[PDB]
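Worksheet: one structure, shown below.
A short reminder: the numbers here are calculations on the coordinates, not readings from a lab. Because the Cβ atoms are built from the backbone with ideal geometry, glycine has one as well, and the counts that use them run over all protein chains shown.
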Amino acid sequence: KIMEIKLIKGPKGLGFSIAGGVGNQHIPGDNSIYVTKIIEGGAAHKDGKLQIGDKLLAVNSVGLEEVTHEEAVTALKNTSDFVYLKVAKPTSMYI
């Protein structure tokens, strides 16, 4: 299930780590970007909605679907302080 998350970029960024990307599949057969860690005190932690396992779809107007890992790293580092983060919650269990 798809949700939009509103984040202010903190001094250290959005407060979460990612894996995946085209050429760097986190899940076998999935080129998607996944949340692997939520940083305590971070903007993502404090908001409360983003979780380990979430799939990133977009960051503001930047698509994260079928992008390489470096592309998503850049998307997330170089956004505005006002972030709309679109994510999909897992159907199965994990990531």
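With charges set only on the Cβ (+1 for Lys and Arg, -1 for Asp and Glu), what does the dipole of the chain come to about its Cα centre, in debye to the nearest 20?
Value, rounded to 20: 340 debye.
Convert 20 °C to kelvin, take the viscosity as 1.002 mPa s, use the Kirkwood radius over C-alpha pairs of the chain as Rh, and evaluate the Stokes-Einstein diffusion coefficient in µm²/s, rounded to a whole number.
Taking Rh from Cα pairs, D becomes 165 µm²/s.
For every other residue with a beta carbon closer than 13 angstrom to the beta carbon of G21, add +1 if it is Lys or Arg and -1 if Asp or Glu, then tell me the sum.
Local net charge: -4.
Quick check: net charge around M3, other residues with Cβ under 15 Å of its Cβ, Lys/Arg +1 and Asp/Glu -1?
Cβ neighbours under 15 Å give a net charge of +3.
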